[PDB]
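*Asks:* As input, take coords33.tsv (TSV, C-alpha atoms and all ligand atoms):
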chain	number	residue	atom	x	y	z
F	19	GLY	CA	91.37	30.35	114.65
F	20	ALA	CA	89.68	28.82	117.70
F	21	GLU	CA	87.02	27.72	115.20
F	22	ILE	CA	86.03	24.36	113.77
F	23	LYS	CA	87.41	24.45	110.24
F	24	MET	CA	84.96	23.82	107.39
F	25	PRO	CA	85.59	22.95	103.73
F	26	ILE	CA	86.46	25.95	101.59
F	27	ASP	CA	83.37	27.34	99.89
F	28	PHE	CA	84.12	27.57	96.14
F	29	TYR	CA	81.72	29.86	94.24
F	30	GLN	CA	81.93	28.83	90.63
F	31	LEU	CA	80.30	27.91	87.32
F	32	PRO	CA	81.60	24.70	85.68
F	33	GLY	CA	82.27	26.08	82.20
F	34	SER	CA	84.15	29.17	83.35
F	35	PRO	CA	87.88	29.13	82.46
F	36	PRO	CA	89.03	30.99	85.60
F	37	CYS	CA	86.92	28.69	87.79
F	38	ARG	CA	88.48	25.61	86.11
F	39	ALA	CA	91.95	27.04	86.83
F	40	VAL	CA	91.08	27.15	90.54
F	41	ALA	CA	89.40	23.73	90.50
F	42	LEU	CA	92.44	22.13	88.89
F	43	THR	CA	94.66	23.78	91.50
F	44	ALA	CA	92.58	22.31	94.32
F	45	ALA	CA	92.75	18.87	92.68
F	46	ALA	CA	96.53	19.11	92.36
F	47	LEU	CA	96.73	19.95	96.08
F	48	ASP	CA	94.32	17.16	97.11
F	49	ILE	CA	91.89	19.74	98.54
F	50	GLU	CA	88.19	18.82	98.65
F	51	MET	CA	86.26	22.09	98.39
F	52	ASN	CA	82.52	22.73	98.75
F	53	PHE	CA	81.49	23.54	95.18
F	54	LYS	CA	78.72	26.17	95.19
F	55	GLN	CA	77.24	26.85	91.77
F	56	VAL	CA	76.57	30.52	91.04
F	57	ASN	CA	74.30	30.68	87.98
F	58	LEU	CA	75.45	33.87	86.27
F	59	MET	CA	72.80	33.38	83.58
F	60	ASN	CA	69.97	34.14	86.03
F	61	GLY	CA	71.89	36.70	88.04
F	62	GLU	CA	72.65	34.76	91.22
F	63	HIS	CA	75.92	36.70	91.59
F	64	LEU	CA	73.93	39.94	91.86
F	65	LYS	CA	71.75	38.82	94.79
F	66	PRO	CA	72.38	40.40	98.20
F	67	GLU	CA	73.77	37.14	99.61
F	68	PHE	CA	76.62	36.99	97.12
F	69	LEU	CA	77.34	40.72	97.06
F	70	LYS	CA	78.05	40.41	100.79
F	71	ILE	CA	80.70	37.80	99.95
F	72	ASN	CA	82.15	39.67	96.97
F	73	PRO	CA	80.99	43.21	96.14
F	74	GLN	CA	82.63	42.88	92.71
F	75	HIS	CA	80.17	40.01	92.01
F	76	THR	CA	82.66	37.84	90.16
F	77	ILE	CA	83.44	34.14	90.13
F	78	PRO	CA	85.56	32.35	91.07
F	79	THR	CA	85.37	33.42	94.70
F	80	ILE	CA	86.45	31.35	97.69
F	81	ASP	CA	85.38	31.70	101.32
F	82	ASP	CA	88.06	29.90	103.37
F	83	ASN	CA	86.55	29.92	106.86
F	84	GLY	CA	85.76	33.61	106.77
F	85	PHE	CA	88.61	34.66	104.46
F	86	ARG	CA	87.06	35.80	101.19
F	87	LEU	CA	89.20	36.00	98.10
F	88	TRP	CA	88.61	36.47	94.39
F	89	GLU	CA	90.78	36.85	91.27
F	90	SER	CA	91.43	33.29	90.12
F	91	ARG	CA	95.22	33.53	89.97
F	92	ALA	CA	95.41	35.09	93.45
F	93	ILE	CA	93.28	32.19	94.71
F	94	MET	CA	95.60	29.72	93.01
F	95	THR	CA	98.77	31.02	94.67
F	96	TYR	CA	97.04	31.34	98.04
F	97	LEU	CA	95.87	27.72	97.95
F	98	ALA	CA	99.27	26.46	96.78
F	99	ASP	CA	101.12	28.07	99.67
F	100	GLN	CA	98.48	27.55	102.37
F	101	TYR	CA	97.77	23.89	101.53
F	102	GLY	CA	100.73	22.75	99.44
F	103	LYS	CA	102.41	19.44	100.16
F	104	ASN	CA	105.38	19.75	97.75
F	105	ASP	CA	107.73	22.49	96.53
F	106	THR	CA	107.15	22.05	92.79
F	107	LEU	CA	103.69	23.46	92.05
F	108	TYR	CA	104.61	26.96	93.30
F	109	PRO	CA	108.33	26.91	94.15
F	110	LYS	CA	109.57	28.88	97.13
F	111	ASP	CA	112.73	29.77	95.19
F	112	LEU	CA	112.18	33.41	94.32
F	113	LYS	CA	113.41	33.24	90.71
F	114	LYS	CA	111.41	30.10	89.93
F	115	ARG	CA	108.39	31.66	91.65
F	116	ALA	CA	108.84	34.86	89.63
F	117	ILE	CA	108.70	32.92	86.36
F	118	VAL	CA	105.49	31.20	87.48
F	119	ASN	CA	104.04	34.60	88.41
F	120	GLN	CA	105.13	36.04	85.04
F	121	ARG	CA	103.32	33.25	83.21
F	122	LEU	CA	100.16	33.80	85.29
F	123	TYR	CA	100.15	37.49	84.32
F	124	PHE	CA	100.82	36.53	80.69
F	125	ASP	CA	97.81	34.21	80.81
F	126	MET	CA	95.56	36.87	82.27
F	127	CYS	CA	96.79	39.89	80.31
F	128	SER	CA	97.55	38.27	76.93
F	129	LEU	CA	96.24	34.74	76.35
F	130	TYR	CA	92.96	34.64	78.28
F	131	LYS	CA	92.46	38.34	77.53
F	132	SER	CA	92.68	37.77	73.77
F	133	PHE	CA	90.44	34.70	73.97
F	134	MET	CA	87.72	36.62	75.81
F	135	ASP	CA	88.01	39.83	73.79
F	136	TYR	CA	87.24	37.83	70.64
F	137	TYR	CA	84.86	35.06	71.64
F	138	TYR	CA	82.67	36.53	74.35
F	139	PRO	CA	81.24	39.38	72.21
F	140	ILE	CA	80.64	37.04	69.26
F	141	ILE	CA	78.77	34.50	71.38
F	142	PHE	CA	76.85	36.34	74.08
F	143	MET	CA	76.61	39.80	72.51
F	144	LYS	CA	75.82	38.78	68.86
F	145	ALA	CA	78.86	40.79	67.80
F	146	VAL	CA	80.44	40.87	64.37
F	147	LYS	CA	83.64	38.84	64.14
F	148	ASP	CA	86.61	41.22	64.43
F	149	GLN	CA	89.61	39.93	62.48
F	150	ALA	CA	92.11	41.99	64.48
F	151	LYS	CA	90.88	40.57	67.78
F	152	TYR	CA	91.00	37.06	66.32
F	153	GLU	CA	94.63	37.59	65.32
F	154	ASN	CA	95.53	38.74	68.85
F	155	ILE	CA	94.90	35.16	69.98
F	156	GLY	CA	97.51	33.88	67.54
F	157	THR	CA	99.97	36.53	68.70
F	158	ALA	CA	99.60	35.35	72.30
F	159	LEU	CA	99.87	31.70	71.26
F	160	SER	CA	103.04	32.50	69.33
F	161	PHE	CA	104.62	33.79	72.53
F	162	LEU	CA	103.40	30.73	74.46
F	163	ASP	CA	104.93	28.51	71.78
F	164	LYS	CA	108.24	30.34	72.22
F	165	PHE	CA	108.10	29.93	76.01
F	166	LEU	CA	107.65	26.16	75.47
F	167	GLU	CA	110.49	25.77	72.96
F	168	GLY	CA	112.81	23.12	74.34
F	169	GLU	CA	110.70	22.84	77.50
F	170	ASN	CA	108.23	20.33	78.92
F	171	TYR	CA	106.26	22.84	81.02
F	172	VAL	CA	105.42	26.50	80.69
F	173	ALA	CA	107.35	27.79	83.71
F	174	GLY	CA	110.21	25.49	84.61
F	175	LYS	CA	111.16	21.84	84.71
F	176	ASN	CA	108.03	20.63	86.57
F	177	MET	CA	104.30	21.22	86.34
F	178	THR	CA	103.38	24.44	88.11
F	179	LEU	CA	100.34	26.60	88.68
F	180	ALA	CA	101.16	28.30	85.37
F	181	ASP	CA	100.44	25.07	83.47
F	182	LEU	CA	97.06	24.73	85.20
F	183	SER	CA	96.24	28.37	84.45
F	184	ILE	CA	97.19	28.18	80.80
F	185	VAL	CA	95.63	24.77	80.14
F	186	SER	CA	92.26	26.15	81.29
F	187	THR	CA	92.56	28.76	78.52
F	188	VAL	CA	94.03	26.50	75.83
F	189	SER	CA	91.46	23.75	76.36
F	190	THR	CA	88.68	26.32	75.94
F	191	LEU	CA	90.20	27.45	72.64
F	192	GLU	CA	90.20	23.82	71.51
F	193	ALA	CA	86.58	23.41	72.62
F	194	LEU	CA	85.62	26.32	70.34
F	195	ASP	CA	87.41	24.74	67.33
F	196	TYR	CA	90.33	27.17	67.31
F	197	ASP	CA	93.08	25.65	65.16
F	198	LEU	CA	96.09	25.15	67.44
F	199	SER	CA	97.95	22.97	64.94
F	200	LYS	CA	100.52	25.55	63.82
F	201	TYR	CA	101.80	26.00	67.41
F	202	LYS	CA	103.67	22.73	67.65
F	203	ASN	CA	105.20	23.35	71.08
F	204	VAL	CA	101.75	24.25	72.43
F	205	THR	CA	100.16	21.12	70.98
F	206	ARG	CA	102.99	18.92	72.24
F	207	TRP	CA	102.64	20.40	75.73
F	208	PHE	CA	98.83	20.18	75.63
F	209	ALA	CA	98.81	16.48	74.71
F	210	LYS	CA	101.56	15.88	77.29
F	211	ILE	CA	100.06	17.68	80.26
F	212	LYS	CA	96.47	16.45	80.27
F	213	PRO	CA	97.29	12.93	81.57
F	214	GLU	CA	99.42	14.47	84.34
F	215	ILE	CA	96.76	16.84	85.73
F	216	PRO	CA	94.73	15.33	88.61
F	217	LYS	CA	90.98	15.31	87.92
F	218	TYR	CA	91.48	16.87	84.49
F	219	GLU	CA	88.50	14.96	83.08
F	220	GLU	CA	86.19	15.69	86.01
F	221	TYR	CA	87.15	19.29	86.76
F	222	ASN	CA	88.04	20.59	83.27
F	223	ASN	CA	86.44	18.55	80.47
F	224	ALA	CA	83.07	18.02	82.19
F	225	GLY	CA	82.85	21.78	82.63
F	226	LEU	CA	83.96	22.42	79.05
F	227	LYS	CA	81.01	20.28	78.04
F	228	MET	CA	78.74	22.69	79.92
F	229	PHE	CA	80.55	25.49	78.07
F	230	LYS	CA	79.95	24.12	74.56
F	231	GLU	CA	76.39	23.47	75.76
F	232	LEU	CA	75.65	27.12	76.44
F	233	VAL	CA	77.44	28.45	73.33
K	301	LIG	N1	90.13	38.44	86.50
K	301	LIG	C1	89.06	37.66	87.09
K	301	LIG	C2	87.97	37.48	86.04
K	301	LIG	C3	86.76	36.87	86.71
K	301	LIG	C4	85.57	36.97	85.78
K	301	LIG	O1	85.59	37.63	84.79
K	301	LIG	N2	84.42	36.20	86.15
K	301	LIG	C5	83.23	36.22	85.34
K	301	LIG	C6	82.82	34.80	84.97
K	301	LIG	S1	84.01	34.02	83.85
K	301	LIG	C7	82.10	36.81	86.18
K	301	LIG	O2	81.94	36.47	87.31
K	301	LIG	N3	81.20	37.77	85.55
K	301	LIG	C8	80.11	38.33	86.31
K	301	LIG	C9	80.34	39.78	86.70
K	301	LIG	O3	81.47	40.31	86.58
K	301	LIG	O4	79.38	40.45	87.17
K	301	LIG	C10	89.58	36.31	87.53
K	301	LIG	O5	90.59	35.83	86.96
K	301	LIG	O6	89.02	35.69	88.47
The structure in this file should be written as structure tokens.
Ligand SMILES: N[C@@H](CCC(=O)N[C@@H](CS)C(=O)NCC(=O)O)C(=O)O

*Replies:*
Amino acid sequence: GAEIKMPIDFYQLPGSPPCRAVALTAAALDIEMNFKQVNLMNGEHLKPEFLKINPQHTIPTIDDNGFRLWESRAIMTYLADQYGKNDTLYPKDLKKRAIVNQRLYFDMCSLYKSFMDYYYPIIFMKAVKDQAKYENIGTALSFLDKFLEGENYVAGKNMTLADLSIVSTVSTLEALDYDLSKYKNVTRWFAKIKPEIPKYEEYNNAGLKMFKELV
């Protein structure tokens, strides 16, 4: 507003699944953001400069010309509506939109949740492997496989934000040698979607390399 617009500042760490979800969304929208690395491993998110941007000290965070937003999936739907050029990535139709939203909550409350509850303690807290938490991943993947039965995408007939959200989680599971082979709809979708996602190699795999690096 009455201001020279600048690129969106994107506070992120390449390996982070929720940051990759946002990065893939920007790529799909043909948005060039200003990538600002926040090194969580030496506490850059806890410095006064970042706490002023986000008092919750989480990434991803965007600063869109003074508008500060965090929660990856809220960023995704903001960018899609504010900068979208088609009506397929986040449909305006309320029922189609609701299914996309449902799948984003499923990702955050079930799939990504189960992934993190199991792997993060084992890796970065030297925790003992908990079989029940491991099995919660399979439970979530079983539901994802059901959602994909007879479907090409996770939330409708075209690629949507929900595919970008969920692929950031599923590709991290693959990177950690989780056996996805029994979920045949998931593996079909996964092989199918990667060539369709703009900048998948640059924005997802290159970061996943940094992820396997640090683990
Ligand atoms: N629900 C949040 C999760 C964000 C999150 O957990 N970010 C982690 C990195 S993957 C973080 O910034 N941890 C540092 C902290 O919370 O202090 C989202 O989807 O954006």

*Asks:* Would you pick out the contacts of region 212-227 of chain F at 10 Å or less, using only C-alpha atoms, so that residues sharing its chain but fewer than 5 positions from it are not included, and give the list as a count of residues only?

*Replies:* 29

*Asks:* Which residues, written as a PyMOL selection string, have at least one atom at most 12 Å from residue 22 (chain F), with only C-alpha atoms counted and residues fewer than 6 positions away on the same chain left out?

*Replies:* chain F and resi 82-84

*Asks:* Work out how far apart CA of residue 30 (chain F) and CA of residue 210 (chain F) are and give it in Å to one decimal.

*Replies:*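 Between these atoms lies a distance of 27.0 Å.
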
*Asks:* List as a list in words the protein and nucleic acid residues lying within 9 Å of ligand LIG 301 (chain K), with only C-alpha atoms and all ligand atoms counted.

*Replies:*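 Result of the 9 Å neighbour search around ligand LIG 301 (chain K): residues 30, 31, 33, 34, 35, 36, 37, 39, 56, 58, 61, 63, 64, 74, 75, 76, 77, 78, 79, 88, 89, 90, 91, 92, 93 and 126 of chain F.
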
*Asks:* In Å, rounded to a single decimal, give me how far CA of residue 162 (chain F) is from CA of residue 111 (chain F).

*Replies:*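 Distance reported for this atom pair: 22.8 Å.
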
*Asks:* For residue 135 (chain F), work out the shell of residues within 12 Å, counting only C-alpha atoms and skipping chain neighbours fewer than 5 positions away, then give it as a VMD selection string.

*Replies:* chain F and resid 126 to 130 140 to 143 145 147 to 155

*Asks:* Those selected residues, please, written with C-alpha atoms and delivered as a PDB file, keeping the file's coordinate frame.

*Replies:*
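File again_17.pdb, as written:
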ATOM      1  CA  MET F 126      95.560  36.870  82.270  1.00  0.00           C
ATOM      2  CA  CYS F 127      96.790  39.890  80.310  1.00  0.00           C
ATOM      3  CA  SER F 128      97.550  38.270  76.930  1.00  0.00           C
ATOM      4  CA  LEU F 129      96.240  34.740  76.350  1.00  0.00           C
ATOM      5  CA  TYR F 130      92.960  34.640  78.280  1.00  0.00           C
ATOM      6  CA  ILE F 140      80.640  37.040  69.260  1.00  0.00           C
ATOM      7  CA  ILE F 141      78.770  34.500  71.380  1.00  0.00           C
ATOM      8  CA  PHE F 142      76.850  36.340  74.080  1.00  0.00           C
ATOM      9  CA  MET F 143      76.610  39.800  72.510  1.00  0.00           C
ATOM     10  CA  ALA F 145      78.860  40.790  67.800  1.00  0.00           C
ATOM     11  CA  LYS F 147      83.640  38.840  64.140  1.00  0.00           C
ATOM     12  CA  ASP F 148      86.610  41.220  64.430  1.00  0.00           C
ATOM     13  CA  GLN F 149      89.610  39.930  62.480  1.00  0.00           C
ATOM     14  CA  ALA F 150      92.110  41.990  64.480  1.00  0.00           C
ATOM     15  CA  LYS F 151      90.880  40.570  67.780  1.00  0.00           C
ATOM     16  CA  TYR F 152      91.000  37.060  66.320  1.00  0.00           C
ATOM     17  CA  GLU F 153      94.630  37.590  65.320  1.00  0.00           C
ATOM     18  CA  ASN F 154      95.530  38.740  68.850  1.00  0.00           C
ATOM     19  CA  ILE F 155      94.900  35.160  69.980  1.00  0.00           C
TER      20      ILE F 155
END

*Asks:* I'd like the interatomic distance between CA of residue 99 (chain F) and CA of residue 70 (chain F), to a tenth of an Å.

*Replies:*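 These atoms are spaced 26.2 Å apart.
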
*Asks:* Between F:209, F:94, F:191, F:204, which is the closest to residue 229 (chain F) once you count all atoms listed in the file?

*Replies:* F:191

*Asks:* Report the closest atom pair, with its distance in Å rounded to one decimal, for each residue of region 44-132 of chain F that has an atom no farther than 12 Å from region 165-171 of chain F; count all atoms listed in the file, sort by chain and then rising residue number, and write it as CSV.

*Replies:*
residue,atom,partner,partner_atom,distance
F:106,CA,F:171,CA,11.8
F:107,CA,F:171,CA,11.3
F:117,CA,F:165,CA,10.8
F:118,CA,F:171,CA,10.6
F:120,CA,F:165,CA,11.3
F:121,CA,F:165,CA,9.3
F:124,CA,F:165,CA,10.9

*Asks:* Which of these residues is nearest to residue 80 (chain F), using all atoms listed in the file: F:123, F:29, F:161, F:108?

*Replies:*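 Residue with the minimum atom-to-atom distance to residue 80 (chain F): F:29.
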
*Asks:* Which residue out of F:98, F:26, F:179, F:172 has the minimum interatomic distance to residue 206 (chain F) when all atoms listed in the file are used?

*Replies:* F:172

*Asks:* For residue 178 (chain F), which of F:23, F:114, F:71, F:132 is the closest residue, counting only C-alpha atoms?

*Replies:*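 Ranked by minimum distance to residue 178 (chain F), first place goes to F:114.
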
*Asks:* Give the answer as one residue: which of F:50, F:65, F:144, F:73 has the shortest atom-to-atom distance to residue 101 (chain F), using all atoms listed in the file?

*Replies:*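 Smallest separation from residue 101 (chain F) among the options: F:50.
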
*Asks:* Restricting the calculation to only C-alpha atoms, which member of F:187, F:57, F:199, F:205 is positioned closest to residue 122 (chain F)?

*Replies:*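 Of the candidates, the smallest distance to residue 122 (chain F) is held by F:187.
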
*Asks:* Since the input lacks atoms, please generate N, CA, C and O atoms for region 137-162 of chain F and provide them as a compact mmCIF listing (two decimals), in the frame of the given file.

*Replies:*
# COMPACT_ATOMS: atom_id res chain seq x y z
N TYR F 137 85.97 36.01 71.66
CA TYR F 137 84.86 35.06 71.64
C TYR F 137 83.65 35.55 72.42
O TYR F 137 82.51 35.30 72.01
N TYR F 138 83.84 36.21 73.55
CA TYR F 138 82.67 36.53 74.35
C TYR F 138 81.72 37.46 73.60
O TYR F 138 80.50 37.20 73.62
N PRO F 139 82.18 38.54 72.97
CA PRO F 139 81.24 39.38 72.21
C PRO F 139 80.53 38.63 71.09
O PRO F 139 79.33 38.83 70.88
N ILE F 140 81.25 37.77 70.37
CA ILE F 140 80.64 37.04 69.26
C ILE F 140 79.52 36.15 69.76
O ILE F 140 78.47 36.03 69.13
N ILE F 141 79.73 35.51 70.91
CA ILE F 141 78.77 34.50 71.38
C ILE F 141 77.60 35.16 72.08
O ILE F 141 76.44 35.01 71.68
N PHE F 142 77.87 35.89 73.15
CA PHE F 142 76.85 36.34 74.08
C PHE F 142 76.46 37.79 73.88
O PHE F 142 75.63 38.31 74.62
N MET F 143 77.02 38.46 72.88
CA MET F 143 76.61 39.80 72.51
C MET F 143 76.23 39.90 71.03
O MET F 143 76.15 41.02 70.51
N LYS F 144 76.09 38.78 70.31
CA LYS F 144 75.82 38.78 68.86
C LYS F 144 76.64 39.86 68.16
O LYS F 144 76.13 40.73 67.45
N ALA F 145 77.95 39.81 68.37
CA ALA F 145 78.86 40.79 67.80
C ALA F 145 79.40 40.27 66.48
O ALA F 145 79.47 39.07 66.23
N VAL F 146 79.78 41.21 65.62
CA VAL F 146 80.44 40.87 64.37
C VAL F 146 81.88 40.44 64.64
O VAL F 146 82.60 41.06 65.43
N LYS F 147 82.30 39.38 63.96
CA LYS F 147 83.64 38.84 64.14
C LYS F 147 84.68 39.88 63.72
O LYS F 147 84.67 40.36 62.58
N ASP F 148 85.58 40.21 64.64
CA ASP F 148 86.61 41.22 64.43
C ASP F 148 87.93 40.50 64.13
O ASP F 148 88.47 39.79 64.98
N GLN F 149 88.43 40.68 62.91
CA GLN F 149 89.61 39.93 62.48
C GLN F 149 90.83 40.30 63.31
O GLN F 149 91.68 39.44 63.59
N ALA F 150 90.95 41.57 63.70
CA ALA F 150 92.11 41.99 64.48
C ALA F 150 92.12 41.33 65.85
O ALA F 150 93.17 40.88 66.33
N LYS F 151 90.96 41.26 66.50
CA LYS F 151 90.88 40.57 67.78
C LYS F 151 91.17 39.09 67.63
O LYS F 151 91.84 38.49 68.49
N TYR F 152 90.68 38.46 66.56
CA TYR F 152 91.00 37.06 66.32
C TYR F 152 92.51 36.86 66.23
O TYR F 152 93.06 35.91 66.79
N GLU F 153 93.20 37.74 65.50
CA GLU F 153 94.63 37.59 65.32
C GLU F 153 95.41 37.82 66.61
O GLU F 153 96.52 37.30 66.75
N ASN F 154 94.84 38.56 67.57
CA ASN F 154 95.53 38.74 68.85
C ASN F 154 95.67 37.42 69.59
O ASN F 154 96.64 37.23 70.34
N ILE F 155 94.74 36.49 69.39
CA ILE F 155 94.90 35.16 69.98
C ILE F 155 96.15 34.49 69.44
O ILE F 155 96.97 33.95 70.20
N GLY F 156 96.33 34.50 68.12
CA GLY F 156 97.51 33.88 67.54
C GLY F 156 98.79 34.52 68.02
O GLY F 156 99.80 33.84 68.22
N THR F 157 98.79 35.84 68.19
CA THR F 157 99.97 36.53 68.70
C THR F 157 100.34 36.00 70.08
O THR F 157 101.51 35.69 70.35
N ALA F 158 99.35 35.88 70.96
CA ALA F 158 99.60 35.35 72.30
C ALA F 158 100.06 33.90 72.24
O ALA F 158 101.00 33.51 72.95
N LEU F 159 99.45 33.09 71.38
CA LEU F 159 99.87 31.70 71.26
C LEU F 159 101.28 31.58 70.71
O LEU F 159 102.01 30.65 71.08
N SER F 160 101.68 32.51 69.85
CA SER F 160 103.04 32.50 69.33
C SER F 160 104.04 32.71 70.45
O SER F 160 105.10 32.07 70.48
N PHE F 161 103.72 33.60 71.39
CA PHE F 161 104.62 33.79 72.53
C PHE F 161 104.63 32.55 73.42
O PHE F 161 105.69 32.13 73.88
N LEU F 162 103.45 31.97 73.68
CA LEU F 162 103.40 30.73 74.46
C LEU F 162 104.24 29.64 73.81
O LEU F 162 104.97 28.91 74.49
